**Student:** 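The following block contains the structure, expressed as structure tokens.
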Amino acid sequence: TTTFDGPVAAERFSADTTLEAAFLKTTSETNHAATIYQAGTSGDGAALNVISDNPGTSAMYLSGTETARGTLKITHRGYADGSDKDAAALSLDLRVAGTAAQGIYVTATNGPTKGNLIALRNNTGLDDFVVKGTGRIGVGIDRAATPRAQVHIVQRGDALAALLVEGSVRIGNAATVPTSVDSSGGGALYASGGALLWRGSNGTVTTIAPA
Amino acid sequence: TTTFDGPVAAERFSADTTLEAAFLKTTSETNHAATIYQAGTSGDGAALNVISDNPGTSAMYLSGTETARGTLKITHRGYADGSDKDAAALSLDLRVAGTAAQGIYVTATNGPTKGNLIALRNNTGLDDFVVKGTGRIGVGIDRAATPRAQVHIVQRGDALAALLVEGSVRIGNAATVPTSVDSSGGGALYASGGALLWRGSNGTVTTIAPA
Amino acid sequence: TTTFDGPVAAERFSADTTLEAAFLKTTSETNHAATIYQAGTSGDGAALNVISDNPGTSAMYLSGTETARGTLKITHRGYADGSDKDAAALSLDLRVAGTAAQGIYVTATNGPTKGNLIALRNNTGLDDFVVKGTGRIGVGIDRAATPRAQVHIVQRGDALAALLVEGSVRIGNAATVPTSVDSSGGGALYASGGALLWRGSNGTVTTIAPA
Ligand code: NA
Ligand code: NA
Ligand code: NA
């Protein structure tokens with residue numbers, strides 16, 4: 001063993017070992033524990049290449065305790081001319097035909113979070129796609145609004161419909177008969193005893209078609 | 001070149017080079033290859049800061065061969081008082097106006113996986129949002145259940161509707177006329193020859209409105 | 001301080017410090033800046049283990065400027081026998097009961113991207129689930145096609161319906177009355193003045209049920 005009381009600088013560091021090759025611990029209010037930087041401006045060089053051959057353990061663990069930031073924060077620095085149309089911030093490949101591996105898995109093992117499970121926020125003023133902690137889904141709703149149904153879709157822009165279905169729509173019997181409609185007016189379409197019914201905004205209930 | 005036959009300890013390691021700055025290889029059944037740890041409890045210090053200026057290659061590659069874990073596993077250690085409402089496990093920023101970069105891209109280049117493409121599982125007993133390997137989507141279905149349509153939504157909790165649409169609903173002609181309904185009863189709404197039809201649970205088929 | 005003019009090799013590198021423990025900078029068109037490799041084929045060893053105790057800063061930052069690749073690229077090397085049914089490429093755990101932390105957050109802080117916010121592409125020829133830069137959503141649409149509504153669902157495979165709703169469907173009044181239908185034929189279902197209406201493919205408009 002060799003102990004340097006100060007910093008070491010070198011052209012390169014390498015270890016091929018049965019010990020843990022690196023343990024880098026920093027305690028500071030200003031310094032990161034590690035910076036890895038690829039300054040090349042072309043070629044086949046990444047900043048960081050991580051590989052595991054061990055099937056019994058995650059190739060990589062990341063744990064944080066942030067109050068107002070992402071545990072992993074990924075920035076893609078794009079191009080004003082749109083020459084990055086084939087790039088992504090995050091790309092996942094599930095390789096090997098026959099695999100049953102999942103793509104993205106999100107849970108909360110001590111109990112449900114009160115925060116959004118996913119929030120895609122590209123267009124100003126909107127939640128393009130959001131799944132709330134409650135499980136309700138918004139599609140084009142006002143940003144940070146509470147969805148007013150299990151799934152809430154708003155027709156935006158020059159879209160000609162809120163919803164297109166190329167196929168049939170099954171509607172199960174409602175467990176509770178509606179007594180109201182949405183604040184956007186219109187009405188409530190539901191099944192009751194196998195029949196199709198509409199409650200309109202003025203409170204008229206019509207059986208449209210029988211069981 | 002300098003070869004240490006044993007471990008090296010130092011106050012800091014730095015390299016500014018044209019070689020690969022670090023190669024850390026471990027072969028073990030108990031040791032990780034590398035641990036990076038920020039022990040600070042406040043300030044602007046991260047554990048790991050990775051940057052690339054090379055547009056021709058991913059800033060970071062991660063490859064694993066896990067049988068029952070995530071290739072990247074991210075844990076956010078939260079707070080019982082909800083003081084982490086602005087935090088996230090994963091945060092992506094697509095910067096530079098004019099960019100055409102994508103957010104999240106998932107595929108399976110050797111053939112389709114049999115596992116879930118995404119599974120958001122916050123609430124006990126439920127799949128809040130799941131996209132199966134088949135492409136079917138569940139919203140509030142029982143956890144791990146097979147969706148019973150291309151998209152299957154269940155009205156949960158105190159939601160007043162399964163689906164709210166602020167706009168019109170287009171229904172294309174069904175390629176195959178329904179001959180059955182869902183196990184939750186109710187019926188099947190479909191278009192046929194431009195007309196709107198309902199099949200009820202007792203098998204009655206009604207043309208509600210003409211083409 | 002100690003300066004090595006050449007490469008250093010050792011059995012292990014460790015630092016427990018108040019400085020940044022590691023700064024690894026490479027400028028090259030062929031070399032990565034760092035490779036971390038777990039060559040073990042069993043056990044509890046990961047390649048990389050990253051931990052932060054600092055709540056004021058992301059545990060990990062990643063920044064890239066790719067034109068045609070992912071900033072973070074994750075590959076899971078699977079198994080032909082499906083013995084990886086419990087594995088995932090990305091796994092997120094929001095821990096601590098009471099937490100309000102979010103799962104996945106995606107935005108574009110300089111203005112909207114023109115690329116897909118999320119694209120799940122498992123089945124050949126299809127977009128299983130895609131959210132376009134515009135916010136439109138496709139479910140089973142042809143891969144890379146533009147959705148023809150805010151949400152566009154296609155009944156695929158042996159699914160018996162495009163959409164199943166176990167609950168009621170609220171339809172708000174349409175801000176603009178439809179004057180056309182989809183290219184898949186059928187018609188347009190909408191609310192108008194609290195009433196339910198259908199426009200069929202031949203242009204007939206029927207009030208199905210009153211407000
Ligand atoms: Na639009
Ligand atoms: Na609820
Ligand atoms: Na199917």
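Atoms within each ligand, like the ligands themselves, are counted from 1 in listed order. Quick note: numbers below take in every heavy atom, side chains included, and nothing from hydrogens, waters or symmetry partners. Order of the sequence lines sets the chain letters (A, B, ...), proteins ahead of strands, with each chain counted from 1.
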**Student:** For the side chain of C:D128 and the backbone of C:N122, is there at least one donor-acceptor N/O pair under 3.5 Å apart?
**Tutor:**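 Yes, because the side chain of C:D128 sits within donor-acceptor range (under 3.5 Å) of the backbone of C:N122.
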**Student:** Test B:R170 against every option in C:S184, C:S180, C:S183 by the side-chain contact (heavy atoms from CB on, under 4.5 Å) rule and name the one that passes.
**Tutor:** C:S180
**Student:** Given salt bridge (charged side-chain N to carboxylate O under 4.0 Å, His left out), test B:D158 with A:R148 step by step and report yes or no.
**Tutor:** CA-CA 10 Å; B:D158 67 352; A:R148 298 197 301 272; over 6 Å; no
**Student:** Checking side-chain contact (heavy atoms from CB on, under 4.5 Å) against C:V154, which of C:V139, C:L126, C:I141, C:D127 comes through?
**Tutor:**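 Output: one option passes, namely C:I141.
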**Student:** Could you please tell me which protein N, O or S atoms lie under 3.0 Å from the Na ion (ligand 2)?
**Tutor:**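 Short answer, with waters excluded from the count: B:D158 OD1.
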**Student:** Give a yes or no on whether the backbone of C:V205 and the side-chain of C:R199 come within a donor-acceptor separation of less than 3.5 Å.
**Tutor:** no
**Student:** Output every pair passing salt bridge (charged side-chain N to carboxylate O under 4.0 Å, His left out) with a member in residues 81-92 of chain C, not counting sequence neighbours, ordered by first then second residue.
**Tutor:**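 Every pair satisfying salt bridge (charged side-chain N to carboxylate O under 4.0 Å, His left out) with a residue in residues 81-92 of chain C: there are none.
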